[PDB]
Structures are given as structure tokens and as C-alpha cells.
4 protein chains.
Amino acid sequence: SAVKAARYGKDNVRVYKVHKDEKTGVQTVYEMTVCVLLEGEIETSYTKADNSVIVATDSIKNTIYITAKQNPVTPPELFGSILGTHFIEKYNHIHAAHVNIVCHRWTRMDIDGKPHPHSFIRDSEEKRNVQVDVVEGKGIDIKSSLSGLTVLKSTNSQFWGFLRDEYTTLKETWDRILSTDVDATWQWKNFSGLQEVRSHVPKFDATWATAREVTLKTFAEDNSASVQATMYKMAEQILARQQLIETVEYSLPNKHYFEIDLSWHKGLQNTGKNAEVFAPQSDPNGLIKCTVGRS
Amino acid sequence: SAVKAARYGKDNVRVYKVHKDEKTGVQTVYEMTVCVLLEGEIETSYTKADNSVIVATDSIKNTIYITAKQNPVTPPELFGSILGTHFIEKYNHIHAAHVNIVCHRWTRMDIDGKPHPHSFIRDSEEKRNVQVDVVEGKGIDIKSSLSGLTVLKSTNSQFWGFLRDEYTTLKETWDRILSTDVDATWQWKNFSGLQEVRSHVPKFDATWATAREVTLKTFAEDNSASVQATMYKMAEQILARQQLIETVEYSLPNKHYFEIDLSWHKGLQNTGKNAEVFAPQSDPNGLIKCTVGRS
Amino acid sequence: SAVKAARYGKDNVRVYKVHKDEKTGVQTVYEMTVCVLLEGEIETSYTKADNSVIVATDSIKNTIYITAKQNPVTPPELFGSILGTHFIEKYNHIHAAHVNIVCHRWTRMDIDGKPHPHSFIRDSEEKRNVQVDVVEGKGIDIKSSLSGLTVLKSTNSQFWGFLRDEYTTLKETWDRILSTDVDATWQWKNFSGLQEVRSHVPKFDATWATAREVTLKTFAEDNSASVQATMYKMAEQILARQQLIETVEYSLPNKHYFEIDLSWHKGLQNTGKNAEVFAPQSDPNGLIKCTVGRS
Amino acid sequence: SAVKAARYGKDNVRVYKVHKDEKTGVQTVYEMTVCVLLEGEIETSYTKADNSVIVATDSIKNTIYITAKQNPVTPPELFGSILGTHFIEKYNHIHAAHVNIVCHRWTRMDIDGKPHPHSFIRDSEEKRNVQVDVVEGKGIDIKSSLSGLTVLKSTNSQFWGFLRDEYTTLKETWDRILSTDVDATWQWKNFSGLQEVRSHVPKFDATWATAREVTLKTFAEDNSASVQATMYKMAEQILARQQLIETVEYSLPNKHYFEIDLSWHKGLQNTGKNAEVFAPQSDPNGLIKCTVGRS
Ligand SMILES: O=c1[nH]c(=O)c2nn[nH]c2[nH]1
Ligand SMILES: O=c1[nH]c(=O)c2nn[nH]c2[nH]1
Ligand SMILES: O=c1[nH]c(=O)c2nn[nH]c2[nH]1
Ligand SMILES: O=c1[nH]c(=O)c2nn[nH]c2[nH]1
Ligand code: NA
Ligand code: NA
Ligand code: NA
Ligand code: NA
């Protein structure tokens, strides 16, 4: 037998950082969960019990805190790139670092219509994520994403004209509820190294904001023919607004809300035009994916 | 042996309702999870296999949907009171209904700075809940609550002057992070029946809003001496603003964020005044509770 | 306003302890999650910011580890009683301790049909729990429980003869699936203090084992007329086998598995006698509770 | 823009099937959660709102139940292969099916030392999974796995001789706790189609059993030099025992249990040789992966 692939590191490293503006007194907080996995010339730790090649996962944890102390942690694309580059430059035998960061929302509180200097609220479990792969000799690959954005529209969704055969019971519809949890990823063109990532720093937050805005607007305004057709519209727009993106991927559950026939009870009318009370279904759910790139 | 207490019913009943304003085209959605448990003269179902006394839990489920179809579902205090009263009036041998409702957030989307007629976002997993106990001959008891409100302040929290003995290692501090998930419950004075609950309908949303506002403002503005002292301030204010409330209960975890000493690494300064990077602790956590009533 | 009730302490304290038999080399592990909440003369911490009355929750955490170091951690009824008694005896102004312990399964591995001296498997998320309330002057109240015991029988469950009215759609049945997660609690007669708890030590594990055995046997062998009737049979037997128990409480979800009509597809027969494939329902679920005591 | 990749289908389809032996009266239950995603000539559903190419996800759900009604559901490798082949043969324009199945444990109860004909217990949340990719013209690729197997050994684990530099604080150790949740996957050689999968049917359960046995024995018996070295030993053995496997992949968290220094309290000795009480750490955790194939 032979080691065909190997990677190891530290997962679920929770990190908080505060920035204090001495002039204004305003404080800003960042909280993330970080995972770093390394690859390189480490096969002998598996095959020969040679621990000399192992940078201990505990040390990886220390390095994350030290790096957060000495560098900005925002945008996460930059922090992840710094963190990954560290490992491949510091250790001769480590040739790739894989850094995943999940950013948690701490949104500044408004009290009496003014932003509070040091108090924050978690408004939703929506996340902003990055995956950064730093590979010696092959630059920096960054996939940015948002996830956990849960939305619902109560009308202006349709689904008709699908294939019908002996396995089909679903009725065509011209008015249904559509609800999903959005997972959207945009993949950046490969960067040559940290200097290049640094040069594009302002684009990271801007492109996240654009992705979020396009998602919300398109969902709200499209008279949707299907989840497939609506998601494609979103992806198309994001690619149009940022030329440094190569592909956009969406993965969307179709979280079903079923009509409830109540006609058995006193002829009560609760279907079609008369539908008011629905039963949200926890499972199963549709799952629709697409990756859109440039012609 | 003897049956000392018994209750049975249906849990985890997910319900969605939409309201459509025909004049304006605006739609408003409500989504809840409902639990209804009944008590009464039902001992024989346990002791003698006498199912004749059982209103089937499946029927309870049907009744929830039917009741939602024929009545407003907001405020939840009113809906719960209608639902519970139904069971004790319909069935001679059922003498108490216990209704728990969890309300899920569907917040109307703003697109291009205007509120959208039919699109919604789940902004946070914060819930508004009610517990309604309808007891034949003893009126309607309602406990209203908010839960899952997660907040953090980065300074203006202290903790010093606590008891110190041979079990104590905690250092006194004049500046720490304070973060919690707020669970706040206000218990209404007993209501004589549905007519009385109906008479106070506007107070339900108003008091929820007040509880939320007082919680957020006090947390943000109190230079906190402890979780105990800050929570008492919140409870005191709520009782002052609504005379129909008898008690207010808060249950607050103290979600710890620990300093990380980095001095072992190149004398790096990250404690006390120099603390910037912290380690959020998943467990253990402090848990502090209090119930405040009137003198 | 006035403090009507208050309690505070440390939740989610994870503890592991190992015992090493030097003679045989056999090691035995225990893992628990502990919560300790105190009550007493502590109102001034809430009302006047008087921290002098506060035994810090961090100190409570230390005390749990120290107590585990110096005492047996099994049975949990004994450990909880020691832990709670500590607080009320050590601190003059603390008058009640509330100790909750969840015990996690670490079951010794059998390798090649022999028990391994130091390797363990988590066989299921079933828990053994205790709630111990130690109140100055009022002795020690102990509620023991098992939870998370998930079972299913594929036949020998019935449900017919329930009330039928205009809210009823459920068909009577003489053969259905029954599946539940068992939560069973037995409440001990009040103990005067630690000496008395110590005197009954062997009864704790024995009664847990009996409760578990009676639950499993009755579930498997009863041709069940309802969840109500079957659970009563369980409770009756436990009370008969241990005279130091005052009440037994069961709380049982009815986790529904629905028939799937497939007759629309090529007349395929999958209902009643021909039912083979079913759809497990995640929600809603029935919830049935009962507390049984002595005549 | 252009569609670069697309797949869609139904996730979280819960399925139960019962088998009844009429001769013996013995019943056997199977419960699974199934996900089916299709690929093929479906781009126009995204780009042109052409639903004619869509086999509705609701129909996919129906097909899963129908297929379960007419075929054995065990071993899951066979069921997944039947299910996937169905889609690529039935629909001209569908060219790949991706089937994921998670199998839930229902273990027959022993009552009074005899196996019960129709009662079952969920002994642990360990799963047996399959991923089956059926691609028109390219046969059937099957990855089988076990997951959620949680184990702990209290001694006979070491970790010393790792790299030490200015980022390192971890002390070398010759005796520590090792605990993990095992995720192990074995990838079968490509199969030409259903006939070939059918021919190897007995190997599927046998190889699952072997993987499980080798995992447990090696974990229990290896005086482990590291997680890396122990996992390699497991993978090597599995490959040796089944020639139709091409690679074995393990992904193992290192779930840390920390010593607790109690010397501050009355000189209490709880570290090194004297360590008895430990603090299980929920996060962070090491994460170690490896893929082993043939020379
Ligand atoms: O088994 C281990 N492998 C590792 O890579 C490691 N790093 N810290 N502790 C460790 N333990
Ligand atoms: O065992 C049962 N008890 C009940 O109360 C019930 N209601 N519907 N189905 C039921 N099954
Ligand atoms: O606000 C706090 N209250 C307490 O009771 C406590 N105990 N430790 N830290 C604490 N912080
Ligand atoms: O938007 C949808 N896309 C689909 O593929 C589908 N299948 N059933 N319902 C559906 N809705
Ligand atoms: Na390198
Ligand atoms: Na009544
Ligand atoms: Na006392
Ligand atoms: Na095909």
C-alpha cells in the first residue's frame, strides 16, 4: 500500500478580534471559526511513525491566534491568504495550506436611532465564508461564499410544463410559495501570491455585497418559472458585475409548503385561490445546483 | 398504583398562514410551531385501555389548522387563547388545554429602499413565544416570551468584589466582554376568559416590543457590575411600563470569551489593556436566572 | 419591585474521570456533563450590585473538578448528593443547590470476544441522568432518569375506539408501527442527608437497570392498545419492584410512520396487509405523558 | 454566460421497509435517508425556462418509494445501483444519477436472552452509507462508508518527536487519551453495470463488517504513535482483505481531553501519573485525513 493523499490540521478554531478606535471610542468586533489543513512531504508520519515531519495541530492553533494578532482579519479573503502563505513559506516540506473561514455576524446595535459604539447583535445565522488554497508554485485560489440566507416569497413563483409520465403525480401550478436557504459561491481567478491578493483587497467586500444584493433583488422580483431559471438569472448578473470572478455556483433547497385540504370539514375552502393555511414540510426537499461560467 | 397526572396531545405542528390585502396587493406571512396538550377525565385510557376518552392527537392537529383558517393567528396570545378555549368548551371531559406557540421571523424585504409586497427574509433565529394554559373554571394564564436574542458588548462590563476562598482562581476585572442569549418571559395577570383576552389585544404586541427595547437598551447602556445586576434593571423597567404584568423572568447564559496569553511568543502582548484576540468558549457557561415581581 | 426567585451557577461542565485497577490493569472511564445552580441569600447581587454574596460561577466549576477528584462519581445519585451538600455546608448564605448530571455512555469494547482493558465505544446517545436538589433543613430530593432510548416495533400495536367527531379523519387500525424515544423518570422518597443516601447506594444502579429492563420488555411484549396503556404498564411494574420510589413519570413521543398509497402507479399494492414501504414523519408527533404514584 | 455544471433532484427522502417471514413470523426492518441528483441535457431549464427537460423532484421522490417496493433495499450498494440505473435507462436525456443513502441502525432487541421477532432498538447513531454514481457509458462507481463510530481509549496512545519551533507549546507525551469519531470510506473498482454489481452482492456486507472489525481491533490494540500512524494501519489491513477495493480513506478528528492542574488547591495532584479527572474539549479539534491505495 501507498499514501495517495494526506492532509491534517486543526478544525473548529473559534477566534474573536476587537478593534478600538482611540480617537472616536468606537469598537468593532469580528468573530470567525477557522480550519487549516496542510499537505506536503508528510507521508512518513503515516507509514513509519516519523513525527519529525509533523507541525503539531496545537501549533497550527497557536499560529492562527498569532496571525490574527499581527494582521487584519478582514476581509477574510486576505486573512486566509496571509494564514495559508505563512505555512508554505515557513516550513520547507509543507507545500499546500487549505484555509476555511466562517464569519459570524456581529451587527452594531442602533439604540435610539444612533449606532452604539460597542454593542452588537447577531442578526441571523447567515454566514460569509472563504475557502483559500495556497499551493507552492501555483499561487492562491480563493472561493468566497454566503450561506444560511433564508428567504420566502408567498406568490410569483410557478412550476408547470415539466415532464409527465407514469411516475408523476405533481400538479402543475401557476402560483406557489417559494422558500430556500441560499448557498452561493464565487470563485476568483487564480492569484499569483499575496501581493496580488493585496492589490484587489477592496473588491472582496464589494463583490460579497453585490452577490448578496443581486440574490435578494432577483429572488424578490423574478416571476419565477422554476428554481433553476431564477438561480441562473442571479449567477448571470454576478458574473457581469465582477470580471475577476470565473464561476458562480448556487446550491438551493426547495423548502416545500403544502396546501391543506380542509373541505372534509364543513366544506371549508383552503386550496388554490382560497389557500391561506399551509403545512411547511421539514423533509424531503428539492435540491437544485448550478455552476455558471463565462462563454 | 394510580394516575397522579396525565397530559397528551400533538407537538411540533408547523403552521404557515398568509394574509392578502386585495386593495394594495400586499401579502403578510406568519409561521409558527404549535404544541397542544390536553388534561381531563382521561385516566381510563391509561389504566383500562379505554380509548373512548381520547380525542386523537391527529384530530388535535386537524383542529389547529381549522382554527388557524377561521381566526387571526396574531397576536399569538390571542390565537393560543382561542385554540385552548376550543378544547375545553368542545369536550365535556377535557378540563385543561396547554398551548405552546413559537413564532418564527419572516421580515419583509426592502428592495431598493422600498418594502416588497410579498418577499421575506428570516433575520435571525430569535423567537417570540407564548405559553397559554386554559383551565376550566380558572380562566386563562398567559406567559409571553422572547428567546434566542444573541448579543455581545466588547467593553463596559465588570466583575469584581465576589467571594474569594480556597476554591477561587478567577481574577477580578474592570473590563471584560459580555455576551448572552436572552430568554425573557413576562407573565400576565390571570384573565377570566376569551372576552377579557380580546379586550387587551393591543397590549400584547406593544409589551413584546417594550420588553425587546428595554432589553437591548439596558444591555447596551448599563456599565454592568454583573449579569445579575444588569438583568434586574431590565426586569424592573418592564414591570414599570406594563401594569398587567405580574412577574418578569430572565434566564441568561454568560458566554465566556477568554484572553489568550501570547507572551511566550516573542513577548507578544495580548492581555489586559493589550488584549485584542480572544478565544470564545463553547462550554462551560455561567447561567444566571431571576424572577422579579411587584413589592 | 422585588426578587421573587433567583438561582445562578455553571452549566455544561464536561467532566471525564478514569479509574485504574493496578492489580488487573483494567481501566474504567466515566464521562458526564454537570450543571450546578445555587439559591440563598443572594438578592443583593441583583438589587444593589453587591457581589460579596456571589460564589463565582468559575469557582463552582473548580469545585466540580475538585469534588470529582476526591469522591466516587458513580452512581451519579451519590456524586450529585455529595456535590450539592458541599455547597450548602460550605457557604452559610447558600441554602439550596440544584445539581443536574447527564451521564454519557462509554461501553467497554469486546475484541475477539474478550473485554478490552482500556478501549470504549459510545453505543448510542441514550443517557442516564440525575436531578438532585439539596435544600438546607429539607434533606435531599433525587429524580433519576433515562432518556434518548429510541425503539421501534413493526407490528403488535393498535389504535381503535377513540372519539370520532367532525374534527376526526384518522382511521382506526389493528396493526401499526410504534416507535418512540423513551424519557422515564423515577422520583425517590426524600432522604434526610448524605448518610441516608450513602446507605441506599446499591439501589441506584439496580433500579436504573430495572427501569430499563421493564421498559424494553413491556414495549416488546405488550400488544399495545395505545401509547397511554403501554406506558402505564411500565410505570406500574417499576413501582412494584422498588419501594423507595414514590412516582414514575414517562414522556413518550409517538413518532409516526405513514403508509404510502402506490395504487396510482400500475395498481401497486402497498396499504393495509400489503404495506411494506412507509414514510417516516419527522413532524408533527404525538406526545403522551403520565405520572404514576402509589394508591 | 454558460452552464458549466448542473445537477438537481430530491434530498432527505426518509424510507422505511419491513420484510415479514410468513413461515417464522420474524420481521426485519430497514430505514434509510436517500438523496438522488440527476445530470444530463437539462441546461435549457436554467437558461430558457424550458421545464420540458425536468423530471420533477416530486417524481424522483415517487420513484424512490416505487423502487423500494419492487426491489431489495439491502445491501445499500445494490439498491443504490438499481435506483441510479433506473434514471439513466428510463430518460433518454438524463446521463448520470448520483445516489446517496444513509442507513440508520435498527438492531433486533434481545428479551430474556432471545431475539425478538419484531422489536428493535437504535443502538447508536453510527451510520452505514453509500455513494453510487451511475454514468451512462461509464458504468457504476460505488463508495461505501461507515461514519459516526465514536470510540475512546484511556491509555496506550503517545505523541512525541514532532517539530518544535517558536510556534510550539505542546508538551511531548507518552500516555494520553485518544478519542475520535470514525469516518472510513472504501472505494470499489468501477463496475460495468447492474449485472456486475449483482455478481458481487455478498462482498458488500462482508467488506463493511471487515472494515468495522479492523477499525475497532486496530484502535484498541495499537500502541499508537499518532493518529496518522494508527489510521494507516487500519487502511493497509482493509486493502489486504478485499481485492475489489481500490482505495480506503479515513477522516478522523482528534477529540482532545485536557489534564486539569489542581495543585493550586491544597497541593492536589492531578497531572501526569496522577491524572484522574480531565476536561473534554468541545473545540478546537485536530482533523487528520489520509487516502491509501495500492502500490
Ligand atoms: O495524533 C496526533 N497527531 C497530530 O498531528 C497532532 N498534533 N497535535 N497533537 C497531535 N496528535
Ligand atoms: O397511541 C396513540 N395515542 C393517542 O392518543 C393517539 N392519537 N392519535 N394516534 C394515537 N396513538
Ligand atoms: O456576571 C457574572 N456573574 C457571576 O455570577 C459570575 N461568576 N463568575 N463570573 C461571573 N460573572
Ligand atoms: O422549481 C422547481 N424545480 C424543480 O425541478 C421541481 N421538481 N418539482 N417541483 C420543482 N420545482
Ligand atoms: Na514550503
Ligand atoms: Na370541558
Ligand atoms: Na448553607
Ligand atoms: Na439516459
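Everything below is about the structure printed above this text.
Residues numbered from 1 in each chain as written, not as in the entry; some residues may be left out. Chains lettered and ligands numbered in written order. Heavy atoms only, no water.

Caption draft 1: Fine view of the pattern of salt bridges. Summed over the entire model, instances satisfying the criterion amount to 68 salt bridges over all chains. We note a salt bridge from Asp181 of chain A to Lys255 of chain A, for which the minimum N-O separation is 2.9 Å. Residue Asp181 of chain A is found in strand β8 (residues 178–188), and its partner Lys255 of chain A is found in the loop between β9 (245–254) and β10 (257–259); the two are separated by 74 residues along the sequence. When its relative accessible area of 28% is taken as the criterion, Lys255 of chain A is described as partly exposed. Between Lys90 of chain B and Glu166 of chain C there is a salt bridge, with the nearest N and O atoms lying 2.5 Å from each other. Of the two residues, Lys90 of chain B sits in helix α3 (residues 76–90) while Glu166 of chain C sits in the loop between β7 (139–153) and β8 (178–188), which places them in two different chains. Look at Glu166 of chain C and you get partly exposed, because its relative accessible area is 33%. (Salt bridge = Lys/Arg side-chain N within 4 Å of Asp/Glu carboxyl O. Helix = DSSP H or I, 4+ residues; strand = E, 2+ residues; numbered from the N terminus. Buried < 20%, exposed > 50% of the residue type's maximum accessible area, 1.4 Å probe, protein only.)

Caption draft 2: Representation of the pairing of strand β4 (residues 107–111) of chain A. Residues and elements named next belong to chain A. Relative to strand β5 (residues 114–121), β4 is paired through four bridges, and the arrangement is antiparallel. Across the sheet, the residue bridging to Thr107 is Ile121, located in β5. Counting the residues that bridge the hairpin from β4 to β5 gives two residues, and of these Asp112 lies at a positive phi of roughly 50°. (Pairing = 2+ DSSP bridges.)

Caption draft 3: Quick look at the interface of chain D and chain B. Facing eight residues of chain D, the contacting portion of chain B comprises eight residues. A buried area of about 740 Å², summed over both sides, lies between chain D and chain B, and 54% of it is on carbon and sulfur atoms. Here chain D is connected to chain B by zero salt bridges. Along the contact surface separating chain D from chain B lie four residue pairs in polar contact. In the side of chain D that touches chain B, the residues fall into two nonpolar, four polar and two charged. (Contact = heavy atoms within 4.5 Å. Buried area = accessible area lost by both parts, 1.4 Å probe. Polar contact = N/O pair within 3.5 Å; in protein donor to acceptor, adjacent residues only side chain to side chain. Nonpolar A, V, L, I, M, F, W, Y, C, P; charged D, E, K, R; others polar.)

Caption draft 4: Broad picture of the relation of the copies chain D and chain B. Once turned by 180° and shifted 0.0 Å along the axis, chain D lies on chain B with an RMSD of 0.0 Å. Such a combination of turn and shift is consistent with a two-fold rotation axis. Minimal C-alpha separation from the rotation axis in chain D is found for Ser282 of chain D, amounting to 3.5 Å. Looking at the interface residues of chain D, 100% of them are also at the interface in chain B, so both copies use one shared face. (Least-squares fit on C-alpha atoms.)

Caption draft 5: Broad picture of the packing of aromatic side chains. Counted by the stated rule, this structure contains 24 aromatic pairs over all chains. With centroids separated by 5.4 Å and ring planes inclined at 90°, the aromatic side chains of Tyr16 of chain A and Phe278 of chain B adopt a geometry described as edge-to-face. Of this pair, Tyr16 of chain A sits in strand β1 (residues 2–20) while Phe278 of chain B is found in strand β11 (residues 277–280), placing the two residues in two different chains. Taking the centre distance of 5.0 Å and the plane angle of 80° together, the rings of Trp188 of chain C and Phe204 of chain C count as edge-to-face. In this pair, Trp188 of chain C sits in strand β8 while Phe204 of chain C sits in helix α5 (residues 201–221), placing the two residues 16 residues apart along the sequence. This pair shows no difference in class: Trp188 of chain C is buried, exactly as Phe204 of chain C is. (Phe/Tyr/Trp six-rings, centres within 6.5 Å; stacked < 30°, edge-to-face > 60°.)

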